[PDB]
Each structure stands twice: as structure tokens, then as C-alpha cells.
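> Before I ask anything, here is the structure I am working with.
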2 protein chains.
Amino acid sequence: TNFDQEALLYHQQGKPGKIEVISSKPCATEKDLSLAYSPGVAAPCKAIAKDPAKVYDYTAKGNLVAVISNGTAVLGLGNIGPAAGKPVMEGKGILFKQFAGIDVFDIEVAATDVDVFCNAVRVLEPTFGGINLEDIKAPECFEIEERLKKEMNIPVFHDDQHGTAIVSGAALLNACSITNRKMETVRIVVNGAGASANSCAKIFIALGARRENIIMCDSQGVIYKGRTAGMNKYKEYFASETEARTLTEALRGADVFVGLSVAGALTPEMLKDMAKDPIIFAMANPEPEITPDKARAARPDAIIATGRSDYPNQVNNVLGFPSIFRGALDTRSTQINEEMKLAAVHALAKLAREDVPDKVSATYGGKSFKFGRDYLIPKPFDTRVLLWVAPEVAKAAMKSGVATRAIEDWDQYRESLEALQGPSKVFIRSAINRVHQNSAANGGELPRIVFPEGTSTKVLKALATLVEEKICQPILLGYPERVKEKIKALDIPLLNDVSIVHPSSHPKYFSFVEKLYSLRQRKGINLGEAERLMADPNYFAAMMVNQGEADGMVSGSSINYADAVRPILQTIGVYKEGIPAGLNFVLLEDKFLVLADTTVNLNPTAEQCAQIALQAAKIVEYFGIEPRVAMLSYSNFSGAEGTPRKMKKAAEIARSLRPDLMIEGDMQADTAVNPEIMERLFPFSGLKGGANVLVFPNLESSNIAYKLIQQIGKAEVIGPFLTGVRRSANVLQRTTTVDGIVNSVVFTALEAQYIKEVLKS
Amino acid sequence: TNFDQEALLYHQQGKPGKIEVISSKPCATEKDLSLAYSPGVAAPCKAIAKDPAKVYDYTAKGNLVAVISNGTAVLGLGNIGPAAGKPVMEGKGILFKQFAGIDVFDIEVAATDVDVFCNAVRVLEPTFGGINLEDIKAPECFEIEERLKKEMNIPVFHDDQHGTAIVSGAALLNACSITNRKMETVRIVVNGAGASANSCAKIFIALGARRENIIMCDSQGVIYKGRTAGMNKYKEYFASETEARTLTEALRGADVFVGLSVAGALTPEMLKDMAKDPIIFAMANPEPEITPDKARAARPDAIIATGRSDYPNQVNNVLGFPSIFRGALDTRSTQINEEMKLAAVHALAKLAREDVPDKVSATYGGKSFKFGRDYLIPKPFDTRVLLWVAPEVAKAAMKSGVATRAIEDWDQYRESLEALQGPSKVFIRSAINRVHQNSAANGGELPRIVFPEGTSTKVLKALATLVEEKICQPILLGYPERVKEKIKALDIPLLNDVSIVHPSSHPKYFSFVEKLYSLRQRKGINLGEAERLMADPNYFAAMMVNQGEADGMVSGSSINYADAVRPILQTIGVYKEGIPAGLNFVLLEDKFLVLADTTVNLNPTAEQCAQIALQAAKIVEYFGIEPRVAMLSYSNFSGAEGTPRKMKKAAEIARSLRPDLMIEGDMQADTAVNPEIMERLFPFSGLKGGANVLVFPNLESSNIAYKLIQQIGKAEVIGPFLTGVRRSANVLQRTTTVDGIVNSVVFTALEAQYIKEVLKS
């Protein structure tokens, strides 16, 4: 197949393999290496000698999980060797890292004797914080893990053994709550005796199922006690008292079919004879025991789940292990025990019922999902999985006493969990915590924010995520029923209760058209034009804000930047000495840089540049950071006629206005951001410690700079945001994504709170 | 100590540990993971099943080396455990990666029985391409490696056993060539019986030393045959027929002292009694058997070497293992054998004699080094090490038959080796190969290039590296003896034979001042001013170029950009329709982007922007790449009055001039570089596949853009370079580093060849 060859080149091209190792600390100099190695590395070693625990503080143990296998059960290809099994392992590690931020070593072992293999593995224990076995044959595997969990004082976990059980377990919980079943009256039939089969029962049972109501099958029919044909010590756990000997006889009147075998194993004939509301987990690969459509054909009352990505309810293990190993690892647990595996099932099934975020609908091509028969388990790609599962896993490991380190700030824990991908995401979270902070100080009151484009798909979808973060109270504009149509159209019930206002219909409408009239009658407006402009949701919004009928507004999700910025300016205006200006954030590992003005003024004058900068400094001072400002130029201090003079004189004005602040010009870009270049070449410069605020000499330089950093800099950039207006106001771009719309709203809310506080004085 | 605590926070802060694992292939989408894992990963596995060899083609084996230890000998702290020994290992891996680009897993093993440990290690063989043991006690270690090298069909190597031997071995070779000794008449005394001692002899001997002339000591004196006090099976290798029982009796008349013990072990008394020209390797840590100054005190004829970084001849293993494992790994060798270890000693000692590059002098604070008594071995930080050692290691492994894959293009091999750090470095190497390519087609003739600032430290030092790459024939300007003074002052004898010209003294001087006269008498020059301006090296250079007395020039390593660009323009001029323009390269993983004009024109007109671009396209077409051009703006196609109109009309002109080329405007930045944004929003745009040539609307935008990418983009940027002049000419900045000066010269040479070729037509 072309797909086969595409896989081959994926692995082969460029750097062969799928993994690489890098340093987590600087490693450039005589000094850097004199820290990471001799003579420096002695200091941690000695400290680990005196207290072994500290091995987690100075080393990578705390995040290092080994994926180990002998390649005696790779995927569905079986015992194909340790060599051929390696890529699958590299990949399993990739999954670890991408889904829970966990670093992983692939270890391919050449021993098929249970004892060689264990004697080899157990002695790796100081290396890893946790051990993930994968793709090892039955029944050897059971002997190996059962032994190892006992042997080693770190967690040991065979993913193929327990994953399927945990996800299909959460799934069963849900289906059972759905169909009003009780676990203790559920009959469960397991066809198949692979790695997974044995643990499925352990778990359903652990969730409350009666083992008498559980029948288990293999390639030779029902497993009845005393059957000797093809048994091992481990299958012997779940033999039934039943007289049924064929699968079919077992599935007669059965409530749930746990299908762990091959396709076609489940006939429409057996389906006709299962209980009312049959729960069917057909997880055979690549093809299920029966297709969902063929099953809905025999019994429309059937609930169906597979491991395939193109059918509903994809049962993929990745819902499981990453979140789990994570939670374990963070508490420095000694095991992954049953308390924990169950806590994980309970978390997955709990998360499943929450309204499906538009980020997730997005991952799967806009398809809407609601908790039900077609959504039993969170989609494998929910970014919330980790946030919901890992903390409960740690919570369990602490409650069960296998943990050696206690997590106290739960919220903090989750925060770090989000933080895992996104140096920007962390920033917006700081931001939101800081909205909540002065929110709760002024009565828990939330800033009122109007969204003129009330039928905007993107604005709505953003709002959705917005409310459960309790950022703002949303007011949309348009015809109330033509927007509730779009809320019901987007399956977004999160926000069924928000204010929806038609301009022309609102009581203060006329009071408004009069107030616009006097503000603009001598600027080209008669009494008629003000009536018709106030009918524009934008002008209606702004006027709402100016009068205090709302604390802020945001639009421009549908309109050109300009077209959307003008009514704001004509209604709200700027405060004394203000200038309208667009500002960006560039987010690095430590600091962030502020870029302006990137949307508004075409070729700003010196006075104007000094004001842009001063505002940018009030904004950075808001976050408790010392603002450092550079008026950018093509020259290093020339004062030459033209741009340099404008910028030099600009900085001079800015200092004239705020003498406590470090401000300079004119200077090139690199000369700005880098304090080393500054001290080496222009030691006279008042700017040291590198600039954190970059003012551009004109619009060409700033728009090209910000969009070029965004595309090439591979550092993350948010914005642009609007500044300098009398009231909390902000313009989006049409190209704005939903994320953009929600953080933009956050800033709007904050500045609003800041407006209220400037009022209090 | 404050240093101890600084080490602690180095390891503890941010992400605990010192290592992380990432993916080497994209991993973002349903598609990305459907390749790296199921169902895709089946395709490599099946392929490895049919031919095991292919495990190197689709997996990370080919670059994966395990550093393994039980922590029974960590540094000088001894048997402190597998746990405490981990950080030292993480660090050893860091070294692997940083010095030879080798990925490394740290494996800390809890077994002190030779047999547990080996039985555990050998079964890891499918995982790694090679095995590095480190810091394991004697004599267990000998049993373990001696066993393992036999056991496993991948290389096994205990670094502490052989490193010291290999580096101190190259070092001995040199000292022996220096003092005109022959190995077979050398007497060698080894004090100490650590890991290293045993292999030292193996190697000196393998280099030609007679074992009868070798005496070996430990904590109980000389090792004589039959002494039973404190022996093991392995010390028994090198017992001597000698009657000396104390160290002192051994060192009487000894030629070389191999000191592997503790400080003070070597008295001035014993020193008085060693042979003429005593070679002293005192490598005890942290303090040597004797300080170099205390040793030079007793015997000034003594050659001395330590493992300390602040004394000459630092013997650090890093000269050894990285280069070695590299060369092995690339040939898919089954061992690291003696043929190879020796080939490595021969490479290190050969490299030691090459003139010391200014990059290396730079690493150590400008100190100059020449092969001699104070430089026996390349400095640990020579970037050449790898380039010289690894290919010879592979060469040996192929000649000795332990290899399973043959390297043919040796040059290519080295090229890739350089390439290892530097996506820009690879580019300049392409460039140089391409200078050599049309050089060898026009008679091996090299472009003549004049360097007016002939006393420039940086220009000289650059030239040094330049010649051995045979790029150009350098002509310097200044007073001949005042520059040969600076060549002798910089210990840079590489270039003792280059043309050195005083302007005023040269025969064509007057012919020149006359030709300047008529070119500029009606532009403010009398006959006198031309005499005195031609006395300026710059004008002298340019005039040399204009007349064909040289093929090109470069300066501005000392002068302001402008001040240095003016004489060029006044003498050489531009060709028909030319515009003077500064251009940069941005280097990514695949493509590169071209930025202009970043130094010259302040606010270029439309006609001018179209010409800047056209030139930039001749330049990108030169490298066989399809040029894609965007006239950058703050707008997406507004044609609005102002910048957008200028740029839109600009592109329109550029197409009017070269209709085969993909050129567009006006457009924002991101809209340019990203073909996806282009197809989604402006599908009408003639520009698809993302822009690779970015023309700026003015100087503010371009200087701020390029210097901002350089500082934040963390993609690499070279330049600025000069374009559009009639002849090969180029201006440096004062801030230019030596690297900058040498690649700048390369381009100058090339354009010169391109000038010659345009002439041929």
C-alpha cells in the first residue's frame, strides 16, 4: 500500500528513528559544563548519598518512565522479536511525552524466560521512576508483572493488560448509568483471552459487578471450572459455574459483551438473543467483532464501542496510561495499584459527562458531541483528560499510601498540568487568576462585556469556554431569536441564559440616539443618521460602554479592523493625551516582550511614539514587572535626520514624562533586546538588562516584525490588543481564532477592572 | 562552598534533571500519529522481521548509546550507589550529545555481582547500537567488560578503562617525536592501579613500547611477578622482571612517568633521578601528583601533563569516546577493538600538530597555541576533534572487518560531521564546495581579493581559516612591515606569503590617481585630492577592482558602514539599472529566506523595490532554487494610498520585468512566508508555496526585522551582504565576528566568479 511506504519514509528520512535526547539546562561554556559535570556534579551525588530521596530533586527520575518489552506480542503481529518491536516502543514513548509530558526510554529485551527477563529488569530500578511493560505474550506476561510489582519499589504496569479494562470500564460505567442498570445485576460476557481479558473482569468487578454474572470465553468456548483443555494458572481466575459451553449459550440474555477477539465473532443471531439495551464492546483490530452499522441493523437498541477512530466511542489506551503514570510520578508513588486504576476509571467516566468543548469538536472536524449513547468516553484527544485524570490518580495514590510526596495546592497542580504545552497558556492562566483576584475583591462582580457580532460562530464558541472560567458576563447583539437559533445550531447549551439585546428595541435606544446626536451633529450627523447608526450593533455597543450600561466591548470578528475600530473611537474616545494603539505579546521561557503599535498609526510622530510607549509601560507595570523601553531605529544613536531623530527625541519626551523608567533611543533592534550588546557597545546607555518593551518607528516595521516573529520565531505570540481608549474596548481581527477571542476578552475584562479602580480614586 | 550550592540549583531549578526526550518527526495530528504508531508503525516492524539489519534504518539504534553503571566507582567518590551515581551519568550523556551528536540513555544498575549485572546487561543488546560502561570498580570491571565485549554483537567500552590511555597515549606519541625518542627504548613507570592503569600499558605497548621497559606500581610498591600481596588476575598482566620494589627505585632512570594515583606521590627527589627530558603525566584528581610549576622547578627539561583545565595539556577523555563511538556507530560496527582505539590515538596525535585555529584560541581567551611541549594534545574543545578522529575510527573499523556498512564519500562524511551543529555551517559548506566547483572549471584559479584593513585582527584571523579552505588569494593593504608585525603578533604563520601592498608605493598608483581624477574632477576633486584619497587603502582597493588588478574587495571591519561603502560606489559603481542593496539569509531546517534591503536605502520607491527584488532573485536562482517574492506591507492587498500602493505597484513592475517569476504584493508578512494562509485567504494570489524572498518597504522594517529574527527567532542568520555593484565588492560591519568575515569573503569570491562568467558571454 502507498500508506505502508509513507510510513517507511516517515521513519527513514532525515534523522533515522523517532527519538532524540537533549539537555534541559544550558551546556555551552567552560562554566556550563563545569556545573553539569566535574567538578560540579559532585554536589548532587554527595547529597543523594546522605539522603537517597533527593535522587528525585537533582535528577531526571521524577519524569522518566521505561517502556520495556521482549517483542513477544507486538500489536497484532505477535512474537516478532525485540528488534522489530523497537519502533512501536519509540512510538509508545512519543505518546507518553505528547499526552502527559513524560520522558521515555525504549528498552528492547532479548529474554523469553520469565526469570532471565525479570532478573534483568528489576535491577534497573534506580534508573526509572516508573516501569511500563508493553506487548509481552500471555501467559508469561502475567507471571512477569505479578512478580515485578512485588519486586520493585517503583510502579510496574503492563499497558496491554489494564488499559482496555480501564477505558472500556469507564465506558461501561456510563452505559450502565444510561440504561439505568446496576453493576451487581449485570451479566458480562468476555470473548477472548488476550492480555486484556483477565483484567477487564477484575475491574468491572471492582466497580461492583458479581463474578457469578461474569462468563469468560476463549478460542475453545466458555471457561468452566475444571475444564483442563488449554488452561493456565491465570485463566483459572474467572471460570464460571455456568453450564454454557459455547459463546452463544453464554450470550443468551447477557447484558454486556466484552469483545476481545476477532471480527465476525459476534453474529446478528447472538445479538437477537442478548438482553434489552445490549452493550457491545467490539475492540478487535483492525476490524471489530461487528461493525456499528451491522449491529444497529440487528438491534437498534444496542450501544456499540470499538478501538477504531472512524467510529464513535474509540476506546484507545491513551485515555489511560499517560494521565496515570503522570499522577503516580508526581507523588513519587511506589506502585500503580488497584485503588489508582479505579480512581482513573471514575475520572474518565466523570469527565465524559461534561459538555464537549469546541476545541475538541474542532479536533474532530466540528462534529458536536453530547454525553450519551454515542459519547461514553472522552475522545482520545481531549486536552482535559490529563487535567481530570492525573490529579485524581495522585489523589488516590496519596489516599492509598503508596506515595512519598504530597500535593497540596490542587488547583496549582492542575494549572501546571495545563501549562504543559503552552508558554502562552500559562500566561493567560496567570491572567485569569488575576481577573478572579480583583473580581473577588469588588464583590465577585464580573465585568459586563458586549459582543456586537452575536451570531458569530467563533465569538459564541469562545464564550462557551469563557463562562465556565467565570471571566465575564456576556451580552450579545442581534435579533434575539436569530441568535438563539445559532446557539441551538452549534449545540452550545453552556450559555442558554446570557442577555440578548436588539438595539432598536432596547428602552435606552432613544436616550442613546440623542446622546450620539449632540456628540456628532456638528460632525455630519442629522437626527436620522444617529437613529440608523445606533441600529448598528457596534455603535450600540460602544454607546452602552460610554454610558456605563456595560463595562466593556469586543468585536471585529466579522469586519475589517478599521471598519470595527472607528465607532469605538467616535463614541468612547480616548482619555486626556491618549493615542489609539495596537499591542502584542511575545512569550519566551522567562520574560515576554511587548510590541507596538502594530495596527493603528501609520507613521507616528515623536510625541506619539512617547505616548505609545508610556501606555505600554502602564500595562507592563500592571503585571509587576520593571518596564524597559527601546525606541527602535535602523541606527545606533545617530540622532540623524529622519527616523533616528524622531525616535531619539521620542525617548527624550518619554523620560520627560516618567523619569523613574529606563527608556532610550534611538537604537537598533538587537541592541535593544540583548543587554550584553548594550553593555559591550553603548555602556553609556541608560537601558540595561535588555529591553522588554519595543516601540516601532512606524506601522510597516511593527506589523512586519510581529507577524514575522509569529511565523519564524517559533516563540509564541498573542494579540493584537487595543489600548488608550477611555473605556474597556478591543478589536479582533477576522482571522482571529477562538483562543484569540477568549484571551482578548480576558484583557478586556481586566482593563475594565483597572478602569473601575482608577474611578475609585 | 558557593560553587557546591550553585551546582545544586543548576540541577534542581526549572525542570529537575538534566535530560529530556523529544520526537524527531512531526507529531501533531491524527495523520502524524497514524504514521508514527498504529496502523502505520507496522510497516517498519514487518520490514525488520524479514531483514533484522533494517532495524538501523527505521529506528534510533543507529545513534543510541547506553551509558551504564552500578555506581561502584563514581568519579573519585567511589561506591556511592546506583542512585547517587545517576547525575554523573546524565551528564556523561550530555557530553556524548554535545561533542559527537550522540543520543544517550543513562542506566543505573543495582547489581555488584559480576554475573547478575552481565546477565542483565547483555539482553539489552537489541536496544542500543553501542554500550558505554562508566565508573565501575576494579577488578570487577575488567571481568564485566572482558566478558561483555565477547558476549554482545554491539560494541562495549568502559570509558574509565581506556580513555586516559588513549589521550595520554597520543600525548606520549608526540612527546616521543619531540624528544627524538623511540618507543622501543622508552622506559615507562605507571604509578597507580586504577581502571585506567591496566590499559595504558596495553596501548603504549601497542604503539611500540617494550613491556620489559615498563614497570607498574600500586599502593604497595612495584608489581613484581609472584608478589602475592594484593594481586588480582588482571594486575598480573604487567608485573616486571625488575628488582625495584619501591616506586623510587622504579623511576630511577625512567623516561616517562604515568601518574594515576594521588597528589604528592611524585617527589622532586625522584624527579632529579629520571632520564633527560622527563615526560610526566600527573593525572590525579582534583590535584596532580605534582604541580607543573613545582615540577619545572626541579627539572626545567620536564614535559608535564594533567587533567586540570587551568594547566597546559589537559588530558580529558572527551577527546576520546565521543569521536570513537561516533565512528563506530556510523559503520554499524560490532565492537570497539584495539585497531580502532589505536587509530584514534594516531588521529589525536596527528591533529595535535596542525596550526591552532583562532576559533580554538578563542575558546580559551585568545591564548595562542603551537604544537610543542605545551601543546601535546588537541584542546578538549576543538571542533576539529570529531572531524579528524571519527572518520579514522570508522576507517579502522572497516579495515578490521567489524563493520557492517561502508563509508565511501569520505569528504561527505566529514561534511556531515561539521554539519552536526550549524544549519548555517552546512550552507557555507555548500557554498565552498560550489566555489571549488567553478574554480576548478576555470583553471583552479582563485578570485583575487583585497582587504584594505590589513592590520585588522579579525580580518587576519579570518583569512587564516580562509586559505586552508583555498577560497581566495588575499591581498592586504597598509605598510608591509607594520602588517607583518601584526601577523607575527597573532602567532598566525598560516599566511606568511600573501601579497602585501602599500598604496603610495605601488607602480600603478599614479595611473590610478589619474583615472580617479577624470572620474571625479567635475565632482569636487582636484589633482591633489585624488593623490591623497588614493592613499586611503579603501579607494586604492576599489580602484584595484575597477581596473581588474583584483577580482573583488572586502572591508568595513574597522569603519562605519556608510563611511566604508561610499568609496566603493564612487569607484566601482553599479551596472545598468542597478541599486546598492544589503541582503540577509535566514536559515531554517529546509528552506532559507532572503531579506532586503537592510542597510542601504532609507525609504525605497516602487521602482527601487522591484530592482532590489530582481537582484535577490538572480541570487536565489544561482543556488538552483525557485525564487518566490513578496513585497511586504502592513496590509493584505489594499493598494491604498501610501506604502501599500508603493509595494503593489512595485510587484507589478517586478513582474513587468521577469514574467517567469512568482511575484506579488502588497501583502503582510505572515501572509507571505506561509502558503497555507495564502491559499485559504487570498487564493487569487499568484504566490503559492510560501515566499522565500522578502523585500521590505523601508529600512526601519528591514533592519528591525532581521536583527529581531536573529535575536528571538532562534533560527540562524548570516549577513548583511552587498549587492548590485559592477564588481565583486562587500561591506562588513564593525560588530562583525570572524565567522562573519570568512563567509562574507566566500560570497565575494563567488559573485566574482559569476562576474567572470557574465564576462565570458
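By order of appearance in the C-alpha cells: chains A, B, ..., then residues from 1 within every chain, and ligands from 1 in the order shown.
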From a DSSP calculation on the backbone, collect every residue of stretch 298-426 of chain B in alpha helix (DSSP H) and output the set as an NGL selection string.
:B and (298 or 321-330 or 338-352 or 358-363 or 384-399 or 410-419 or 423-426)
> Which of stretch 201-341 of chain A end up as strand (DSSP E) when DSSP is run on this backbone - answer as a PyMOL selection string?
chain A and resi 214-218+221-222+256-259+279-282+303-305
> Got time to write the residues from that selection, N, CA, C and O atoms, as a compact mmCIF listing (two decimals), in the first residue's frame?

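That gives us selection-v7.txt:
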# COMPACT_ATOMS: atom_id res chain seq x y z
N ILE A 214 -20.54 -13.02 35.55
CA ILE A 214 -19.48 -12.89 34.55
C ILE A 214 -19.09 -14.29 34.06
O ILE A 214 -18.82 -15.20 34.85
N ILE A 215 -19.19 -14.45 32.75
CA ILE A 215 -18.77 -15.62 31.98
C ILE A 215 -17.56 -15.31 31.10
O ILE A 215 -17.58 -14.32 30.39
N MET A 216 -16.51 -16.11 31.11
CA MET A 216 -15.40 -15.74 30.25
C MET A 216 -15.00 -16.80 29.22
O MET A 216 -14.82 -17.96 29.57
N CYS A 217 -14.82 -16.38 27.97
CA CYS A 217 -14.57 -17.30 26.83
C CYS A 217 -13.16 -17.25 26.23
O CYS A 217 -12.43 -16.28 26.45
N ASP A 218 -12.78 -18.31 25.51
CA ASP A 218 -11.63 -18.21 24.62
C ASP A 218 -11.86 -19.00 23.35
O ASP A 218 -12.98 -19.38 23.00
N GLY A 221 -14.25 -21.94 23.62
CA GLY A 221 -15.55 -21.82 24.22
C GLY A 221 -15.45 -21.26 25.60
O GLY A 221 -14.43 -20.70 26.01
N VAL A 222 -16.52 -21.48 26.34
CA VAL A 222 -16.67 -20.98 27.69
C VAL A 222 -15.53 -21.52 28.57
O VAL A 222 -14.98 -22.58 28.29
N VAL A 256 -23.87 -7.31 28.82
CA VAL A 256 -22.74 -6.64 28.16
C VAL A 256 -21.81 -7.65 27.54
O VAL A 256 -21.42 -8.62 28.19
N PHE A 257 -21.45 -7.40 26.29
CA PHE A 257 -20.50 -8.23 25.56
C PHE A 257 -19.16 -7.50 25.48
O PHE A 257 -19.08 -6.43 24.90
N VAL A 258 -18.13 -8.07 26.10
CA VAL A 258 -16.79 -7.51 26.05
C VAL A 258 -16.02 -8.29 24.99
O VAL A 258 -15.51 -9.39 25.28
N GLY A 259 -15.92 -7.72 23.79
CA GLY A 259 -15.34 -8.43 22.66
C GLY A 259 -13.86 -8.16 22.46
O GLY A 259 -13.48 -7.07 22.00
N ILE A 279 -25.04 -3.84 25.54
CA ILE A 279 -23.82 -3.06 25.49
C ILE A 279 -22.74 -3.92 24.84
O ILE A 279 -22.36 -4.98 25.34
N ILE A 280 -22.25 -3.42 23.72
CA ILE A 280 -21.33 -4.18 22.89
C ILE A 280 -19.98 -3.44 22.74
O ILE A 280 -19.89 -2.40 22.09
N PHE A 281 -18.94 -3.98 23.39
CA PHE A 281 -17.58 -3.50 23.19
C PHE A 281 -16.85 -4.47 22.25
O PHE A 281 -16.35 -5.50 22.68
N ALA A 282 -16.84 -4.14 20.97
CA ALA A 282 -16.14 -4.96 19.98
C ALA A 282 -14.81 -4.30 19.65
O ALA A 282 -14.79 -3.33 18.86
N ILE A 303 -25.89 -0.33 22.16
CA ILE A 303 -24.83 0.66 22.35
C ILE A 303 -23.54 0.03 21.88
O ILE A 303 -23.26 -1.10 22.26
N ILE A 304 -22.78 0.68 21.03
CA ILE A 304 -21.61 -0.01 20.49
C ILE A 304 -20.26 0.75 20.59
O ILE A 304 -20.19 1.95 20.36
N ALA A 305 -19.19 0.04 20.97
CA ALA A 305 -17.88 0.69 21.04
C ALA A 305 -16.70 -0.13 20.48
O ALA A 305 -16.57 -1.34 20.72
> Work out how far apart atom CA of residue A:734 and atom CA of residue A:560 are and give it in Å to one decimal.
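Taking atom CA of residue A:734 as the start and atom CA of residue A:560 as the end point, the length is 6.9 Å.
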> Need to verify the contact set: residue B:357, 10 Å, only C-alpha atoms, exclusion of same-chain residues closer than 6 positions in sequence. Can you return it as a PyMOL selection string?
chain B and resi 368-370+382-384+461-462+464-465+492+494
> Taking 2 positions as the minimum chain separation for residues in the same chain, which residues sit within 7 Å of stretch 472-485 of chain B when counting only C-alpha atoms? Answer as a PDB file with N, CA, C and O atoms, in the first residue's frame.

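The result, stored in selection-v9.pdb:
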ATOM      1  N   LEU B 446      42.057  31.157  -8.385  1.00  0.00           N
ATOM      2  CA  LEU B 446      41.259  31.735  -7.315  1.00  0.00           C
ATOM      3  C   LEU B 446      41.072  33.241  -7.414  1.00  0.00           C
ATOM      4  O   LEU B 446      42.008  33.973  -7.731  1.00  0.00           O
ATOM      5  N   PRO B 447      39.847  33.699  -7.115  1.00  0.00           N
ATOM      6  CA  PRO B 447      39.499  35.118  -7.142  1.00  0.00           C
ATOM      7  C   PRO B 447      40.395  35.941  -6.232  1.00  0.00           C
ATOM      8  O   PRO B 447      40.560  35.642  -5.043  1.00  0.00           O
ATOM      9  N   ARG B 448      40.955  36.997  -6.808  1.00  0.00           N
ATOM     10  CA  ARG B 448      41.853  37.866  -6.077  1.00  0.00           C
ATOM     11  C   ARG B 448      41.033  38.815  -5.207  1.00  0.00           C
ATOM     12  O   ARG B 448      40.162  39.526  -5.713  1.00  0.00           O
ATOM     13  N   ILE B 449      41.278  38.813  -3.900  1.00  0.00           N
ATOM     14  CA  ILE B 449      40.504  39.686  -3.034  1.00  0.00           C
ATOM     15  C   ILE B 449      41.308  40.542  -2.068  1.00  0.00           C
ATOM     16  O   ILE B 449      42.042  40.056  -1.240  1.00  0.00           O
ATOM     17  N   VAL B 450      41.073  41.836  -2.139  1.00  0.00           N
ATOM     18  CA  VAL B 450      41.821  42.819  -1.388  1.00  0.00           C
ATOM     19  C   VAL B 450      41.183  43.169  -0.071  1.00  0.00           C
ATOM     20  O   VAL B 450      40.001  43.454   0.009  1.00  0.00           O
ATOM     21  N   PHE B 451      41.990  43.207   0.964  1.00  0.00           N
ATOM     22  CA  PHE B 451      41.481  43.561   2.265  1.00  0.00           C
ATOM     23  C   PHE B 451      42.189  44.815   2.738  1.00  0.00           C
ATOM     24  O   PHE B 451      43.318  44.771   3.198  1.00  0.00           O
ATOM     25  N   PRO B 452      41.551  45.954   2.545  1.00  0.00           N
ATOM     26  CA  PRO B 452      42.138  47.252   2.856  1.00  0.00           C
ATOM     27  C   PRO B 452      42.534  47.389   4.297  1.00  0.00           C
ATOM     28  O   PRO B 452      43.523  48.055   4.559  1.00  0.00           O
ATOM     29  N   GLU B 453      41.790  46.804   5.226  1.00  0.00           N
ATOM     30  CA  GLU B 453      42.193  46.993   6.611  1.00  0.00           C
ATOM     31  C   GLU B 453      43.189  45.905   7.044  1.00  0.00           C
ATOM     32  O   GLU B 453      42.912  45.118   7.948  1.00  0.00           O
ATOM     33  N   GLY B 454      44.392  45.940   6.475  1.00  0.00           N
ATOM     34  CA  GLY B 454      45.366  44.864   6.599  1.00  0.00           C
ATOM     35  C   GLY B 454      45.922  44.617   7.980  1.00  0.00           C
ATOM     36  O   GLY B 454      46.674  43.696   8.176  1.00  0.00           O
ATOM     37  N   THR B 455      45.646  45.504   8.911  1.00  0.00           N
ATOM     38  CA  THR B 455      46.104  45.328  10.260  1.00  0.00           C
ATOM     39  C   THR B 455      44.947  44.941  11.167  1.00  0.00           C
ATOM     40  O   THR B 455      45.079  44.986  12.387  1.00  0.00           O
ATOM     41  N   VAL B 467      42.395  30.407   3.990  1.00  0.00           N
ATOM     42  CA  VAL B 467      43.302  29.862   2.998  1.00  0.00           C
ATOM     43  C   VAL B 467      43.297  28.351   2.962  1.00  0.00           C
ATOM     44  O   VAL B 467      43.216  27.770   1.878  1.00  0.00           O
ATOM     45  N   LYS B 470      41.203  27.041   0.721  1.00  0.00           N
ATOM     46  CA  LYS B 470      41.502  27.567  -0.617  1.00  0.00           C
ATOM     47  C   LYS B 470      40.270  28.201  -1.304  1.00  0.00           C
ATOM     48  O   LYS B 470      39.749  27.730  -2.329  1.00  0.00           O
ATOM     49  N   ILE B 487      50.949  40.067  11.870  1.00  0.00           N
ATOM     50  CA  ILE B 487      50.813  38.633  11.563  1.00  0.00           C
ATOM     51  C   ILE B 487      51.662  37.782  12.566  1.00  0.00           C
ATOM     52  O   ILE B 487      51.200  36.740  13.088  1.00  0.00           O
ATOM     53  N   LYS B 488      52.879  38.264  12.853  1.00  0.00           N
ATOM     54  CA  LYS B 488      53.812  37.660  13.820  1.00  0.00           C
ATOM     55  C   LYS B 488      53.308  37.863  15.257  1.00  0.00           C
ATOM     56  O   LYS B 488      53.597  37.073  16.141  1.00  0.00           O
ATOM     57  N   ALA B 489      52.578  38.950  15.479  1.00  0.00           N
ATOM     58  CA  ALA B 489      51.961  39.256  16.766  1.00  0.00           C
ATOM     59  C   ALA B 489      50.786  38.351  17.100  1.00  0.00           C
ATOM     60  O   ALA B 489      50.421  38.195  18.263  1.00  0.00           O
ATOM     61  N   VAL B 498      51.266  35.914   1.644  1.00  0.00           N
ATOM     62  CA  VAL B 498      50.282  36.710   0.916  1.00  0.00           C
ATOM     63  C   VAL B 498      50.782  38.067   0.507  1.00  0.00           C
ATOM     64  O   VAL B 498      51.587  38.649   1.220  1.00  0.00           O
ATOM     65  N   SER B 499      50.329  38.546  -0.658  1.00  0.00           N
ATOM     66  CA  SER B 499      50.709  39.879  -1.175  1.00  0.00           C
ATOM     67  C   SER B 499      50.395  40.968  -0.154  1.00  0.00           C
ATOM     68  O   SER B 499      49.275  41.022   0.374  1.00  0.00           O
ATOM     69  N   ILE B 500      51.382  41.815   0.138  1.00  0.00           N
ATOM     70  CA  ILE B 500      51.137  42.976   0.988  1.00  0.00           C
ATOM     71  C   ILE B 500      51.572  44.256   0.282  1.00  0.00           C
ATOM     72  O   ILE B 500      52.760  44.417  -0.042  1.00  0.00           O
ATOM     73  N   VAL B 501      50.606  45.173   0.089  1.00  0.00           N
ATOM     74  CA  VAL B 501      50.827  46.334  -0.764  1.00  0.00           C
ATOM     75  C   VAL B 501      50.582  47.644  -0.002  1.00  0.00           C
ATOM     76  O   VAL B 501      49.580  47.794   0.720  1.00  0.00           O
ATOM     77  N   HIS B 502      51.553  48.553  -0.134  1.00  0.00           N
ATOM     78  CA  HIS B 502      51.404  49.935   0.285  1.00  0.00           C
ATOM     79  C   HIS B 502      50.902  50.659  -0.948  1.00  0.00           C
ATOM     80  O   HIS B 502      51.430  50.440  -2.050  1.00  0.00           O
ATOM     81  N   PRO B 537      43.588  53.241   1.887  1.00  0.00           N
ATOM     82  CA  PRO B 537      43.552  51.874   1.375  1.00  0.00           C
ATOM     83  C   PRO B 537      42.229  51.543   0.691  1.00  0.00           C
ATOM     84  O   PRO B 537      42.294  50.880  -0.331  1.00  0.00           O
ATOM     85  N   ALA B 749      33.920  35.983  -3.325  1.00  0.00           N
ATOM     86  CA  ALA B 749      34.605  35.156  -4.292  1.00  0.00           C
ATOM     87  C   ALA B 749      33.642  34.619  -5.357  1.00  0.00           C
ATOM     88  O   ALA B 749      33.898  34.680  -6.582  1.00  0.00           O
TER      89      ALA B 749
END
